[PDB]
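The next block holds one structure in the form of structure tokens; read it before the comments.
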Amino acid sequence: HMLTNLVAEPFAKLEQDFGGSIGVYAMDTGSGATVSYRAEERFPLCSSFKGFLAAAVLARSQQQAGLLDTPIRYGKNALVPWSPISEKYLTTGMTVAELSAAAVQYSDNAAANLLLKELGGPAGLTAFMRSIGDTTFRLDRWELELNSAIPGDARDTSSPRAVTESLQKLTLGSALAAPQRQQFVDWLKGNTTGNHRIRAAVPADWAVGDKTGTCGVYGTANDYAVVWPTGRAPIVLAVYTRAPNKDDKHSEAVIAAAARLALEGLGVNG
Ligand SMILES: Cc1cc(C)c2c(CP(=O)(O)O)cc(=O)oc2c1
Ligand SMILES: Cc1cc(C)c2c(CP(=O)(O)O)cc(=O)oc2c1
Ligand SMILES: Cc1cc(C)c2c(CP(=O)(O)O)cc(=O)oc2c1
């Protein structure tokens, strides 16, 4: 409660300058201290579901040996906008692991949709999240229909708190077996799309993995991350934004600034 009260005023100023709503939940996994701002509100997931998608693939790989090596072939009709890796292998195919890495590290849309199909669609990913104790997450649609980000629409949303809680379980807790857990961490650490978001608030000598999302309407974009400061326990945090008007633009700088405030609220110098 004390740290949440500590950052309420700066968060309100930040979201008023942004012109929308900012949702943050940050957890110090050492002390258990947390910072919350709109942490229970629903925000569109956008591409941030793709991280949980790769975790679901890894969970299944614990039950099905060789799943990660399975080649997947696809047609030109799979190549929806922003498929930067999968479009280069259209004439060849890619493995499940390569699709997962592309979905996490390049936010590749075709890769995400192909893996969603393997897992039974949006309801299958939602079922995985329920299995780890997340009752908030819901995926309803595919890329790119899930970007609609309609105000008040619960489809394809979660809350910052639920995102952080599930991310902790999958990267630091026991939701995945140790080898799969480290693979998930390694994919997040290799993400290329988040340099202007949470990472922009993280000192160079701290390890960080993240997954971004950008819906492109209603000022809606996000990032979640696990941060390993040196000499203390890791921090898990989620930063989500939205705004009232369809033509409102998202802001990467606002996401980075919100991450800075969350870390400052936890007393993590850096
Ligand atoms: C690779 C892929 C992509 C999509 C979008 C789907 C869909 C949704 P649609 O294409 O019907 O709009 C359902 C499905 O079952 O498989 C997919 C596989
Ligand atoms: C896509 C996916 C993956 C897994 C591991 C599950 C689990 C674990 P399961 O009990 O099936 O072994 C529960 C579930 O309901 O959905 C999933 C969806
Ligand atoms: C059409 C499109 C698709 C994506 C995946 C993006 C992303 C990557 P994401 O943040 O969703 O992971 C950033 C962006 O600014 O525009 C996009 C536009």
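Identifiers in this document derive from the order of the structure tokens: chains are assigned A, B, ..., residues are numbered from 1 separately in each chain, and ligands are numbered from 1 in order of occurrence.
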Which residues, written as a ChimeraX atom specification, have at least one atom at most 7 Å from region 74-89 of chain A, with only C-alpha atoms counted and residues fewer than 3 positions away on the same chain left out?
/A:92-94,102,108-111
Shell of 8 Å around residue 193 (chain A), only C-alpha atoms, local chain residues under 4 positions omitted, as a list in words
residues 105, 106, 107, 211 and 212 of chain A
Would you output that residue set with N, CA, C and O atoms, as a short mmCIF file (atom, residue, chain, number, x, y, z; two decimals), in the first residue's frame?
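Final output, result.cif:
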```
data_model
loop_
_atom_site.label_atom_id
_atom_site.label_comp_id
_atom_site.auth_asym_id
_atom_site.auth_seq_id
_atom_site.Cartn_x
_atom_site.Cartn_y
_atom_site.Cartn_z
N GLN A 105 10.56 -12.52 -30.43
CA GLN A 105 11.68 -11.59 -30.60
C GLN A 105 11.49 -10.59 -31.72
O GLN A 105 12.16 -9.54 -31.72
N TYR A 106 10.61 -10.89 -32.67
CA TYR A 106 10.29 -9.97 -33.76
C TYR A 106 8.81 -9.67 -33.81
O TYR A 106 8.37 -8.94 -34.70
N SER A 107 8.02 -10.23 -32.88
CA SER A 107 6.57 -10.03 -32.83
C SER A 107 5.91 -10.47 -34.14
O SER A 107 4.90 -9.91 -34.58
N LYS A 211 8.45 -8.46 -23.66
CA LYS A 211 7.60 -8.62 -24.84
C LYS A 211 6.69 -7.42 -24.98
O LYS A 211 5.98 -7.06 -24.04
N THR A 212 6.70 -6.81 -26.17
CA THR A 212 5.92 -5.63 -26.50
C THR A 212 4.56 -5.98 -27.10
O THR A 212 4.30 -7.10 -27.55
#
```
Using backbone DSSP assignments, extract all strand (DSSP E or B) residues from region 23-256 of chain A; output them as a PDB file with N, CA, C and O atoms, in the first residue's frame.
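Output (out-v6.pdb):
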```
ATOM      1  N   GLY A  23      -1.589   1.670 -17.064  1.00  0.00           N
ATOM      2  CA  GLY A  23      -1.734   0.607 -16.092  1.00  0.00           C
ATOM      3  C   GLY A  23      -0.400  -0.050 -15.798  1.00  0.00           C
ATOM      4  O   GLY A  23       0.310  -0.485 -16.717  1.00  0.00           O
ATOM      5  N   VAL A  24      -0.026  -0.117 -14.525  1.00  0.00           N
ATOM      6  CA  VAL A  24       1.279  -0.633 -14.126  1.00  0.00           C
ATOM      7  C   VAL A  24       1.109  -1.569 -12.942  1.00  0.00           C
ATOM      8  O   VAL A  24       0.368  -1.271 -11.999  1.00  0.00           O
ATOM      9  N   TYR A  25       1.810  -2.695 -12.980  1.00  0.00           N
ATOM     10  CA  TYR A  25       2.020  -3.507 -11.788  1.00  0.00           C
ATOM     11  C   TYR A  25       3.464  -3.967 -11.805  1.00  0.00           C
ATOM     12  O   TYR A  25       3.934  -4.514 -12.807  1.00  0.00           O
ATOM     13  N   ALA A  26       4.171  -3.714 -10.715  1.00  0.00           N
ATOM     14  CA  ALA A  26       5.569  -4.086 -10.608  1.00  0.00           C
ATOM     15  C   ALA A  26       5.779  -4.794  -9.282  1.00  0.00           C
ATOM     16  O   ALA A  26       5.286  -4.343  -8.243  1.00  0.00           O
ATOM     17  N   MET A  27       6.518  -5.896  -9.326  1.00  0.00           N
ATOM     18  CA  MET A  27       6.722  -6.773  -8.183  1.00  0.00           C
ATOM     19  C   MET A  27       8.216  -6.933  -7.941  1.00  0.00           C
ATOM     20  O   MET A  27       8.962  -7.309  -8.853  1.00  0.00           O
ATOM     21  N   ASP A  28       8.659  -6.627  -6.723  1.00  0.00           N
ATOM     22  CA  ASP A  28      10.006  -6.967  -6.276  1.00  0.00           C
ATOM     23  C   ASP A  28       9.935  -8.393  -5.741  1.00  0.00           C
ATOM     24  O   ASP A  28       9.310  -8.638  -4.706  1.00  0.00           O
ATOM     25  N   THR A  34       5.145  -4.378  -3.959  1.00  0.00           N
ATOM     26  CA  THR A  34       4.538  -4.128  -5.256  1.00  0.00           C
ATOM     27  C   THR A  34       4.159  -2.661  -5.404  1.00  0.00           C
ATOM     28  O   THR A  34       3.902  -1.959  -4.421  1.00  0.00           O
ATOM     29  N   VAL A  35       4.132  -2.218  -6.658  1.00  0.00           N
ATOM     30  CA  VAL A  35       3.641  -0.904  -7.053  1.00  0.00           C
ATOM     31  C   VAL A  35       2.485  -1.137  -8.018  1.00  0.00           C
ATOM     32  O   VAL A  35       2.628  -1.899  -8.981  1.00  0.00           O
ATOM     33  N   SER A  36       1.338  -0.501  -7.746  1.00  0.00           N
ATOM     34  CA  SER A  36       0.127  -0.650  -8.550  1.00  0.00           C
ATOM     35  C   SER A  36      -0.385   0.710  -8.997  1.00  0.00           C
ATOM     36  O   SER A  36      -0.474   1.642  -8.197  1.00  0.00           O
ATOM     37  N   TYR A  37      -0.766   0.805 -10.267  1.00  0.00           N
ATOM     38  CA  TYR A  37      -1.512   1.962 -10.753  1.00  0.00           C
ATOM     39  C   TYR A  37      -2.436   1.468 -11.857  1.00  0.00           C
ATOM     40  O   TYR A  37      -1.958   0.995 -12.891  1.00  0.00           O
ATOM     41  N   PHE A  43      -6.675  -3.999 -20.156  1.00  0.00           N
ATOM     42  CA  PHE A  43      -6.083  -3.318 -21.294  1.00  0.00           C
ATOM     43  C   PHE A  43      -5.913  -4.339 -22.404  1.00  0.00           C
ATOM     44  O   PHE A  43      -5.667  -5.516 -22.126  1.00  0.00           O
ATOM     45  N   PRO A  44      -6.021  -3.918 -23.668  1.00  0.00           N
ATOM     46  CA  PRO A  44      -5.770  -4.853 -24.772  1.00  0.00           C
ATOM     47  C   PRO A  44      -4.358  -5.421 -24.714  1.00  0.00           C
ATOM     48  O   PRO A  44      -3.389  -4.711 -24.429  1.00  0.00           O
ATOM     49  N   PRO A  71       8.809 -29.280 -38.222  1.00  0.00           N
ATOM     50  CA  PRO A  71       8.703 -28.276 -39.286  1.00  0.00           C
ATOM     51  C   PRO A  71       7.249 -27.938 -39.584  1.00  0.00           C
ATOM     52  O   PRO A  71       6.375 -28.809 -39.583  1.00  0.00           O
ATOM     53  N   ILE A  72       6.997 -26.657 -39.843  1.00  0.00           N
ATOM     54  CA  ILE A  72       5.671 -26.146 -40.171  1.00  0.00           C
ATOM     55  C   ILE A  72       5.755 -25.463 -41.528  1.00  0.00           C
ATOM     56  O   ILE A  72       6.548 -24.532 -41.709  1.00  0.00           O
ATOM     57  N   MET A  94       9.380 -23.326 -41.372  1.00  0.00           N
ATOM     58  CA  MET A  94      10.140 -23.050 -40.154  1.00  0.00           C
ATOM     59  C   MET A  94       9.740 -24.062 -39.090  1.00  0.00           C
ATOM     60  O   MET A  94       8.642 -24.616 -39.121  1.00  0.00           O
ATOM     61  N   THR A  95      10.627 -24.284 -38.120  1.00  0.00           N
ATOM     62  CA  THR A  95      10.282 -25.161 -37.008  1.00  0.00           C
ATOM     63  C   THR A  95       9.429 -24.431 -35.972  1.00  0.00           C
ATOM     64  O   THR A  95       9.380 -23.199 -35.920  1.00  0.00           O
ATOM     65  N   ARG A 138      -7.638 -13.186 -21.235  1.00  0.00           N
ATOM     66  CA  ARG A 138      -8.457 -13.832 -22.255  1.00  0.00           C
ATOM     67  C   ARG A 138      -7.987 -13.440 -23.643  1.00  0.00           C
ATOM     68  O   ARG A 138      -7.807 -12.252 -23.934  1.00  0.00           O
ATOM     69  N   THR A 157      -7.866  -9.098 -23.771  1.00  0.00           N
ATOM     70  CA  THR A 157      -7.344  -8.218 -22.731  1.00  0.00           C
ATOM     71  C   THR A 157      -6.818  -9.030 -21.554  1.00  0.00           C
ATOM     72  O   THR A 157      -7.145 -10.207 -21.364  1.00  0.00           O
ATOM     73  N   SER A 158      -6.028  -8.351 -20.732  1.00  0.00           N
ATOM     74  CA  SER A 158      -5.774  -8.797 -19.371  1.00  0.00           C
ATOM     75  C   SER A 158      -5.561  -7.556 -18.512  1.00  0.00           C
ATOM     76  O   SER A 158      -5.732  -6.429 -18.979  1.00  0.00           O
ATOM     77  N   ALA A 207      20.344  -7.402 -16.571  1.00  0.00           N
ATOM     78  CA  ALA A 207      19.712  -8.229 -17.588  1.00  0.00           C
ATOM     79  C   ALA A 207      18.212  -7.943 -17.641  1.00  0.00           C
ATOM     80  O   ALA A 207      17.585  -7.593 -16.636  1.00  0.00           O
ATOM     81  N   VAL A 208      17.638  -8.082 -18.832  1.00  0.00           N
ATOM     82  CA  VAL A 208      16.219  -7.790 -19.032  1.00  0.00           C
ATOM     83  C   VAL A 208      15.700  -8.593 -20.213  1.00  0.00           C
ATOM     84  O   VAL A 208      16.373  -8.728 -21.240  1.00  0.00           O
ATOM     85  N   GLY A 209      14.512  -9.160 -20.045  1.00  0.00           N
ATOM     86  CA  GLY A 209      13.766  -9.711 -21.157  1.00  0.00           C
ATOM     87  C   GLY A 209      12.383  -9.102 -21.165  1.00  0.00           C
ATOM     88  O   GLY A 209      11.837  -8.765 -20.120  1.00  0.00           O
ATOM     89  N   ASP A 210      11.821  -8.938 -22.364  1.00  0.00           N
ATOM     90  CA  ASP A 210      10.533  -8.256 -22.467  1.00  0.00           C
ATOM     91  C   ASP A 210       9.743  -8.762 -23.667  1.00  0.00           C
ATOM     92  O   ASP A 210      10.286  -9.395 -24.577  1.00  0.00           O
ATOM     93  N   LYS A 211       8.447  -8.455 -23.665  1.00  0.00           N
ATOM     94  CA  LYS A 211       7.602  -8.625 -24.841  1.00  0.00           C
ATOM     95  C   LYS A 211       6.691  -7.417 -24.982  1.00  0.00           C
ATOM     96  O   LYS A 211       5.980  -7.061 -24.036  1.00  0.00           O
ATOM     97  N   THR A 212       6.695  -6.813 -26.166  1.00  0.00           N
ATOM     98  CA  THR A 212       5.925  -5.628 -26.503  1.00  0.00           C
ATOM     99  C   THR A 212       4.559  -5.978 -27.096  1.00  0.00           C
ATOM    100  O   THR A 212       4.298  -7.099 -27.549  1.00  0.00           O
ATOM    101  N   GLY A 213       3.704  -4.961 -27.150  1.00  0.00           N
ATOM    102  CA  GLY A 213       2.482  -5.035 -27.925  1.00  0.00           C
ATOM    103  C   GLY A 213       2.071  -3.666 -28.430  1.00  0.00           C
ATOM    104  O   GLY A 213       2.161  -2.694 -27.679  1.00  0.00           O
ATOM    105  N   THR A 214       1.602  -3.563 -29.673  1.00  0.00           N
ATOM    106  CA  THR A 214       1.161  -2.276 -30.210  1.00  0.00           C
ATOM    107  C   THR A 214      -0.104  -2.475 -31.030  1.00  0.00           C
ATOM    108  O   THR A 214      -0.050  -3.019 -32.134  1.00  0.00           O
ATOM    109  N   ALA A 221      -0.782   0.445 -26.427  1.00  0.00           N
ATOM    110  CA  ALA A 221       0.487  -0.255 -26.581  1.00  0.00           C
ATOM    111  C   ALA A 221       0.952  -0.658 -25.190  1.00  0.00           C
ATOM    112  O   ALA A 221       0.435  -0.164 -24.185  1.00  0.00           O
ATOM    113  N   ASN A 222       1.955  -1.534 -25.133  1.00  0.00           N
ATOM    114  CA  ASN A 222       2.317  -2.106 -23.845  1.00  0.00           C
ATOM    115  C   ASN A 222       3.685  -2.777 -23.928  1.00  0.00           C
ATOM    116  O   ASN A 222       4.289  -2.907 -25.002  1.00  0.00           O
ATOM    117  N   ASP A 223       4.149  -3.232 -22.767  1.00  0.00           N
ATOM    118  CA  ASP A 223       5.392  -3.976 -22.650  1.00  0.00           C
ATOM    119  C   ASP A 223       5.358  -4.635 -21.281  1.00  0.00           C
ATOM    120  O   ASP A 223       4.888  -4.028 -20.319  1.00  0.00           O
ATOM    121  N   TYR A 224       5.832  -5.872 -21.197  1.00  0.00           N
ATOM    122  CA  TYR A 224       6.087  -6.485 -19.901  1.00  0.00           C
ATOM    123  C   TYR A 224       7.507  -7.025 -19.881  1.00  0.00           C
ATOM    124  O   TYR A 224       8.093  -7.291 -20.930  1.00  0.00           O
ATOM    125  N   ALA A 225       8.074  -7.162 -18.684  1.00  0.00           N
ATOM    126  CA  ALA A 225       9.488  -7.507 -18.613  1.00  0.00           C
ATOM    127  C   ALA A 225       9.818  -8.163 -17.285  1.00  0.00           C
ATOM    128  O   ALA A 225       9.156  -7.940 -16.270  1.00  0.00           O
ATOM    129  N   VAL A 226      10.885  -8.953 -17.310  1.00  0.00           N
ATOM    130  CA  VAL A 226      11.588  -9.371 -16.111  1.00  0.00           C
ATOM    131  C   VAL A 226      12.941  -8.680 -16.152  1.00  0.00           C
ATOM    132  O   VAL A 226      13.603  -8.665 -17.198  1.00  0.00           O
ATOM    133  N   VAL A 227      13.327  -8.064 -15.036  1.00  0.00           N
ATOM    134  CA  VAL A 227      14.553  -7.280 -14.925  1.00  0.00           C
ATOM    135  C   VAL A 227      15.382  -7.892 -13.811  1.00  0.00           C
ATOM    136  O   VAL A 227      14.866  -8.139 -12.717  1.00  0.00           O
ATOM    137  N   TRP A 228      16.665  -8.135 -14.086  1.00  0.00           N
ATOM    138  CA  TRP A 228      17.582  -8.682 -13.090  1.00  0.00           C
ATOM    139  C   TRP A 228      18.580  -7.598 -12.710  1.00  0.00           C
ATOM    140  O   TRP A 228      19.643  -7.483 -13.337  1.00  0.00           O
ATOM    141  N   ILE A 235      12.967  -8.121 -10.651  1.00  0.00           N
ATOM    142  CA  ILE A 235      11.707  -7.387 -10.671  1.00  0.00           C
ATOM    143  C   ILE A 235      10.915  -7.857 -11.881  1.00  0.00           C
ATOM    144  O   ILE A 235      11.480  -8.077 -12.958  1.00  0.00           O
ATOM    145  N   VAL A 236       9.609  -8.014 -11.704  1.00  0.00           N
ATOM    146  CA  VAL A 236       8.702  -8.328 -12.799  1.00  0.00           C
ATOM    147  C   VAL A 236       7.728  -7.168 -12.923  1.00  0.00           C
ATOM    148  O   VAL A 236       7.187  -6.702 -11.913  1.00  0.00           O
ATOM    149  N   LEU A 237       7.501  -6.689 -14.146  1.00  0.00           N
ATOM    150  CA  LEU A 237       6.596  -5.554 -14.281  1.00  0.00           C
ATOM    151  C   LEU A 237       5.867  -5.575 -15.617  1.00  0.00           C
ATOM    152  O   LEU A 237       6.338  -6.151 -16.600  1.00  0.00           O
ATOM    153  N   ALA A 238       4.703  -4.937 -15.630  1.00  0.00           N
ATOM    154  CA  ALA A 238       3.866  -4.808 -16.814  1.00  0.00           C
ATOM    155  C   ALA A 238       3.429  -3.355 -16.923  1.00  0.00           C
ATOM    156  O   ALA A 238       3.038  -2.749 -15.919  1.00  0.00           O
ATOM    157  N   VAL A 239       3.518  -2.794 -18.129  1.00  0.00           N
ATOM    158  CA  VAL A 239       3.111  -1.421 -18.403  1.00  0.00           C
ATOM    159  C   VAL A 239       2.203  -1.437 -19.625  1.00  0.00           C
ATOM    160  O   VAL A 239       2.644  -1.796 -20.722  1.00  0.00           O
ATOM    161  N   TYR A 240       0.943  -1.042 -19.442  1.00  0.00           N
ATOM    162  CA  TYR A 240      -0.063  -1.058 -20.498  1.00  0.00           C
ATOM    163  C   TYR A 240      -0.661   0.332 -20.641  1.00  0.00           C
ATOM    164  O   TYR A 240      -0.823   1.044 -19.649  1.00  0.00           O
ATOM    165  N   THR A 241      -0.990   0.731 -21.870  1.00  0.00           N
ATOM    166  CA  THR A 241      -1.666   2.004 -22.078  1.00  0.00           C
ATOM    167  C   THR A 241      -2.866   1.837 -22.995  1.00  0.00           C
ATOM    168  O   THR A 241      -2.967   0.878 -23.768  1.00  0.00           O
ATOM    169  N   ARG A 242      -3.803   2.773 -22.857  1.00  0.00           N
ATOM    170  CA  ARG A 242      -4.889   2.970 -23.811  1.00  0.00           C
ATOM    171  C   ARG A 242      -5.312   4.432 -23.737  1.00  0.00           C
ATOM    172  O   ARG A 242      -4.807   5.206 -22.918  1.00  0.00           O
TER     173      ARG A 242
END
```
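Identified as lying at most 7 Å from ligand 1 when counting only C-alpha atoms and all ligand atoms are the residues residues 78, 110, 113, 114, 117, 121, 142 and 143 of chain A.
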Write a file of the just-selected residues containing N, CA, C and O atoms, as a tab-separated table (two decimals), in the first residue's frame.
```
chain	number	residue	atom	x	y	z
A	78	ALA	N	-0.84	-16.89	-45.25
A	78	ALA	CA	-0.54	-16.75	-43.83
A	78	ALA	C	0.22	-15.46	-43.53
A	78	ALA	O	0.26	-15.04	-42.37
A	110	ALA	N	2.50	-13.76	-38.58
A	110	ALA	CA	2.23	-15.08	-39.16
A	110	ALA	C	2.70	-16.19	-38.22
A	110	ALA	O	1.99	-17.18	-38.02
A	113	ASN	N	0.17	-16.58	-35.43
A	113	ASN	CA	-1.06	-17.24	-35.86
A	113	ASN	C	-0.83	-18.73	-36.10
A	113	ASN	O	-1.69	-19.56	-35.77
A	114	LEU	N	0.32	-19.10	-36.68
A	114	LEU	CA	0.59	-20.51	-36.93
A	114	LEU	C	0.71	-21.29	-35.62
A	114	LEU	O	0.20	-22.41	-35.51
A	117	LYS	N	-2.73	-21.77	-33.99
A	117	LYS	CA	-3.43	-22.90	-34.59
A	117	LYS	C	-2.98	-24.22	-33.98
A	117	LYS	O	-3.81	-25.09	-33.67
A	121	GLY	N	-6.06	-22.50	-31.01
A	121	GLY	CA	-6.62	-21.18	-31.16
A	121	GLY	C	-6.62	-20.38	-29.88
A	121	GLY	O	-6.07	-20.80	-28.86
A	142	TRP	N	-7.49	-13.57	-33.45
A	142	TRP	CA	-6.19	-13.81	-34.04
A	142	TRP	C	-5.59	-12.48	-34.50
A	142	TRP	O	-6.25	-11.44	-34.51
A	143	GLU	N	-4.31	-12.51	-34.89
A	143	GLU	CA	-3.71	-11.34	-35.54
A	143	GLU	C	-4.28	-11.23	-36.95
A	143	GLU	O	-4.34	-12.22	-37.67
```
Please identify every residue of chain A that has at least one atom no farther than 12 Å from an atom of ligand 2, counting only C-alpha atoms and all ligand atoms, and for each give the shortest atom pair and the distance in Å to one decimal, arranged by chain then increasing number, as a Markdown table.
```
| residue | atom | partner | partner_atom_place_in_ligand_line | distance |
| --- | --- | --- | --- | --- |
| A:52 | CA | ligand 2 | 1 (C) | 9.8 |
| A:53 | CA | ligand 2 | 1 (C) | 7.8 |
| A:54 | CA | ligand 2 | 1 (C) | 9.6 |
| A:55 | CA | ligand 2 | 3 (C) | 8.6 |
| A:56 | CA | ligand 2 | 3 (C) | 5.0 |
| A:57 | CA | ligand 2 | 1 (C) | 6.7 |
| A:58 | CA | ligand 2 | 5 (C) | 8.1 |
| A:59 | CA | ligand 2 | 5 (C) | 4.9 |
| A:60 | CA | ligand 2 | 5 (C) | 4.8 |
| A:61 | CA | ligand 2 | 5 (C) | 8.4 |
| A:62 | CA | ligand 2 | 5 (C) | 8.3 |
| A:63 | CA | ligand 2 | 12 (O) | 7.7 |
| A:64 | CA | ligand 2 | 5 (C) | 10.1 |
| A:115 | CA | ligand 2 | 1 (C) | 9.5 |
| A:116 | CA | ligand 2 | 1 (C) | 8.3 |
| A:117 | CA | ligand 2 | 1 (C) | 9.7 |
| A:118 | CA | ligand 2 | 1 (C) | 8.2 |
| A:119 | CA | ligand 2 | 1 (C) | 4.6 |
| A:120 | CA | ligand 2 | 1 (C) | 6.7 |
| A:121 | CA | ligand 2 | 1 (C) | 8.4 |
| A:122 | CA | ligand 2 | 1 (C) | 9.0 |
| A:123 | CA | ligand 2 | 18 (C) | 8.3 |
| A:124 | CA | ligand 2 | 1 (C) | 4.8 |
| A:125 | CA | ligand 2 | 1 (C) | 4.9 |
| A:126 | CA | ligand 2 | 18 (C) | 7.2 |
| A:127 | CA | ligand 2 | 16 (O) | 4.1 |
| A:128 | CA | ligand 2 | 17 (C) | 3.7 |
| A:129 | CA | ligand 2 | 16 (O) | 7.4 |
| A:130 | CA | ligand 2 | 15 (O) | 6.9 |
| A:131 | CA | ligand 2 | 13 (C) | 4.9 |
| A:132 | CA | ligand 2 | 13 (C) | 8.1 |
| A:133 | CA | ligand 2 | 13 (C) | 10.4 |
| A:134 | CA | ligand 2 | 14 (C) | 11.6 |
| A:139 | CA | ligand 2 | 1 (C) | 11.9 |
| A:170 | CA | ligand 2 | 5 (C) | 11.9 |
| A:175 | CA | ligand 2 | 5 (C) | 9.6 |
| A:176 | CA | ligand 2 | 5 (C) | 9.3 |
| A:177 | CA | ligand 2 | 5 (C) | 11.5 |
```
Would you export the selected residues with N, CA and C atoms as a short mmCIF file (atom, residue, chain, number, x, y, z; two decimals), in the first residue's frame, please?
```cif
data_model
loop_
_atom_site.label_atom_id
_atom_site.label_comp_id
_atom_site.auth_asym_id
_atom_site.auth_seq_id
_atom_site.Cartn_x
_atom_site.Cartn_y
_atom_site.Cartn_z
N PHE A 52 3.23 -15.18 -23.92
CA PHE A 52 2.53 -16.26 -23.25
C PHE A 52 2.29 -17.43 -24.20
N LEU A 53 2.08 -17.13 -25.48
CA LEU A 53 1.95 -18.17 -26.50
C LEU A 53 3.19 -19.05 -26.56
N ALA A 54 4.38 -18.44 -26.57
CA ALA A 54 5.62 -19.22 -26.60
C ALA A 54 5.79 -20.03 -25.32
N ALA A 55 5.39 -19.46 -24.18
CA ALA A 55 5.42 -20.24 -22.94
C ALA A 55 4.50 -21.45 -23.02
N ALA A 56 3.32 -21.29 -23.63
CA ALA A 56 2.40 -22.42 -23.80
C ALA A 56 3.01 -23.50 -24.68
N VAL A 57 3.69 -23.09 -25.76
CA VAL A 57 4.41 -24.05 -26.61
C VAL A 57 5.44 -24.80 -25.79
N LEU A 58 6.20 -24.07 -24.97
CA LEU A 58 7.24 -24.71 -24.16
C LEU A 58 6.63 -25.67 -23.15
N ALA A 59 5.50 -25.29 -22.55
CA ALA A 59 4.83 -26.20 -21.62
C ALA A 59 4.43 -27.49 -22.32
N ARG A 60 3.87 -27.39 -23.53
CA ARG A 60 3.50 -28.58 -24.28
C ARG A 60 4.72 -29.42 -24.64
N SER A 61 5.85 -28.76 -24.91
CA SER A 61 7.07 -29.49 -25.26
C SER A 61 7.55 -30.36 -24.11
N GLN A 62 7.13 -30.07 -22.88
CA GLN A 62 7.43 -30.95 -21.76
C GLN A 62 6.68 -32.27 -21.88
N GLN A 63 5.53 -32.26 -22.55
CA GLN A 63 4.71 -33.46 -22.71
C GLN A 63 4.92 -34.16 -24.03
N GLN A 64 5.28 -33.43 -25.08
CA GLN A 64 5.47 -33.99 -26.42
C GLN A 64 6.94 -33.78 -26.80
N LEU A 115 1.34 -20.69 -34.60
CA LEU A 115 1.45 -21.36 -33.31
C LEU A 115 0.10 -21.41 -32.60
N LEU A 116 -0.69 -20.34 -32.70
CA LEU A 116 -2.03 -20.35 -32.14
C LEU A 116 -2.82 -21.53 -32.68
N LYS A 117 -2.73 -21.77 -33.99
CA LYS A 117 -3.43 -22.90 -34.59
C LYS A 117 -2.98 -24.22 -33.98
N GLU A 118 -1.67 -24.40 -33.79
CA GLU A 118 -1.17 -25.63 -33.20
C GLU A 118 -1.70 -25.85 -31.79
N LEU A 119 -1.99 -24.77 -31.06
CA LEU A 119 -2.42 -24.86 -29.67
C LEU A 119 -3.93 -24.87 -29.50
N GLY A 120 -4.69 -24.90 -30.59
CA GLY A 120 -6.13 -24.88 -30.49
C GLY A 120 -6.76 -23.51 -30.49
N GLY A 121 -6.06 -22.50 -31.01
CA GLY A 121 -6.62 -21.18 -31.16
C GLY A 121 -6.62 -20.38 -29.88
N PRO A 122 -7.25 -19.21 -29.93
CA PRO A 122 -7.31 -18.34 -28.74
C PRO A 122 -7.81 -19.02 -27.48
N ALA A 123 -8.81 -19.90 -27.59
CA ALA A 123 -9.29 -20.60 -26.41
C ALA A 123 -8.24 -21.55 -25.85
N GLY A 124 -7.41 -22.14 -26.71
CA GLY A 124 -6.34 -22.99 -26.21
C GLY A 124 -5.30 -22.22 -25.41
N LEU A 125 -4.89 -21.05 -25.90
CA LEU A 125 -3.96 -20.23 -25.12
C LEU A 125 -4.61 -19.77 -23.82
N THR A 126 -5.88 -19.38 -23.88
CA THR A 126 -6.58 -19.00 -22.65
C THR A 126 -6.60 -20.15 -21.66
N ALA A 127 -6.84 -21.37 -22.15
CA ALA A 127 -6.82 -22.54 -21.28
C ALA A 127 -5.46 -22.73 -20.61
N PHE A 128 -4.37 -22.52 -21.35
CA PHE A 128 -3.06 -22.60 -20.71
C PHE A 128 -2.93 -21.59 -19.58
N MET A 129 -3.37 -20.36 -19.82
CA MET A 129 -3.27 -19.35 -18.77
C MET A 129 -4.12 -19.73 -17.56
N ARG A 130 -5.33 -20.27 -17.78
CA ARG A 130 -6.11 -20.76 -16.65
C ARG A 130 -5.36 -21.84 -15.88
N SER A 131 -4.61 -22.69 -16.59
CA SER A 131 -3.94 -23.81 -15.94
C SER A 131 -2.82 -23.35 -15.01
N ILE A 132 -2.29 -22.14 -15.20
CA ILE A 132 -1.29 -21.60 -14.29
C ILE A 132 -1.91 -20.68 -13.24
N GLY A 133 -3.24 -20.60 -13.19
CA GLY A 133 -3.91 -19.83 -12.17
C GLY A 133 -4.29 -18.42 -12.56
N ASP A 134 -4.21 -18.07 -13.83
CA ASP A 134 -4.58 -16.74 -14.32
C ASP A 134 -6.05 -16.79 -14.75
N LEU A 139 -7.75 -14.44 -24.48
CA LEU A 139 -7.53 -14.23 -25.90
C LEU A 139 -8.75 -14.76 -26.63
N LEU A 170 5.97 -17.99 -14.88
CA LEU A 170 6.56 -18.66 -16.03
C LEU A 170 8.07 -18.45 -16.13
N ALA A 175 5.92 -22.73 -12.99
CA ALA A 175 4.93 -23.07 -14.01
C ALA A 175 5.55 -23.84 -15.17
N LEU A 176 6.82 -23.60 -15.47
CA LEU A 176 7.55 -24.37 -16.47
C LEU A 176 8.67 -25.14 -15.79
N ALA A 177 9.04 -26.27 -16.38
CA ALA A 177 10.23 -26.97 -15.94
C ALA A 177 11.46 -26.11 -16.21
#
```
